[PDB]
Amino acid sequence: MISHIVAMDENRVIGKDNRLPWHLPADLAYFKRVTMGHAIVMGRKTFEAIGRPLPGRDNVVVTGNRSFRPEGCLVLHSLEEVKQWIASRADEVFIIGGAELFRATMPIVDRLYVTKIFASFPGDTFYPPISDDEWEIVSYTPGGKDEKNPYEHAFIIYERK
């Protein structure tokens, strides 16, 4: 199936000035372990902030510009190209970002891996609302606050009701 994977704070902030306002190694390691060997799908801003394809993942970028063609990535330019690509999928695919792409794909996704950080940070981009009428928690794992991870957090998995 197709899944969203995202880290957000108490107010659903997912970014500030194209960067993350927090640093949580535990979440980066979780993201890496979960996405390893799988396709990750991201918008242009997300790819740009990363700068290069993530190793061990099949990197996919969704942007319209046909001149945008970073090395080591599949680029999907239209709603038709994205659906056809989605239609052939068999393994779990991860949409990793861009509030815009998260919004565009919410309807074809059946699972959300949400890392909730229990703190508030400056933010200018947010993950959309998760409807209680549409989603329900199927897994919840408290995270470990320590010297490397300065905030309480939790790894949550939602699936459709």
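Sequential numbering from 1, following the sequence displayed.
Q: Out of 50-58 and 107-115, which stretch has the higher average CA B-factor listed in the record?
A: Of 107-115 and 50-58, the stretch with the higher C-alpha B-factor average is 50-58.
Q: Out of 6-14 and 140-148, which one has CA B-factors that are higher on average in the deposited record?
A: It is 140-148 that shows the higher mean C-alpha B-factor.
Q: What's the residue among 129, 122, 97, 37 with the greatest CA temperature factor in the PDB record?
A: Of the candidates given, the C-alpha B-factor peaks at 129.
Q: Sort the modelled residues of this chain by their C-alpha B factor and say whether residue 69 lands in the lowest, middle or highest third.
A: Answer is highest: the recorded C-alpha B-factor places it there.
Q: What third of the chain, by the recorded C-alpha B-factor, contains residue 32?
A: Within its chain, residue 32 is a lowest-third residue by C-alpha B-factor, going by the deposited values.
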